[PDB]
């Protein structure tokens, strides 16, 4: 049961605002707190594995993005959490183990991992939220 970092990093960012929302500069992913309903999509994460025919593809969340079997985006100040579910768009089987989301079967998997709001969190404080996922393999 261990993760070996071996791959690149994907960063999922979301800015939460109030109903009166002021977008400054280039387009980024932003939602009102009212839009943070259960199962609301936050964004996709592409995964492309190579040379993993005999290993289980895995993604490890940054330390600040997990606790107690749960994943969450975290505010810039490290204070506020936005709980999420992480799920492949296909029908593949994965397991969660202490910040690690790994594939049940070996193979050089390619696919999309979706990040979804876990439980309505319409009271989330406005701010910039991040989830960082690093590629590697589990055993």
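Basically, rigid core = biggest C-alpha set you can superpose within 1.5 Å across the two forms. Positions refer to the first chain, counted from 1.
Superposing the other copies on the rigid core and comparing 22-30 to 44-52, farther C-alpha placement in 5 other deposited structures of this protein marks 22-30. Higher mean CA temperature factor, per the PDB entry, when comparing 30-38 with 62-70: 62-70.
Per-chain ranking of the deposited C-alpha B factor places residue 57 in the middle third.
Among the modelled residues of its chain, residue 50 has a C-alpha B-factor that falls in the middle third, as given in the PDB entry. Per-chain ranking of the deposited C-alpha B factor places residue 4 in the middle third.
Annotation for residue 12: C-alpha temperature factor in the lowest third relative to the rest of the modelled chain, per the entry. Residue 114: CA B factor in the lowest third of modelled residues in this chain (values from the PDB entry).
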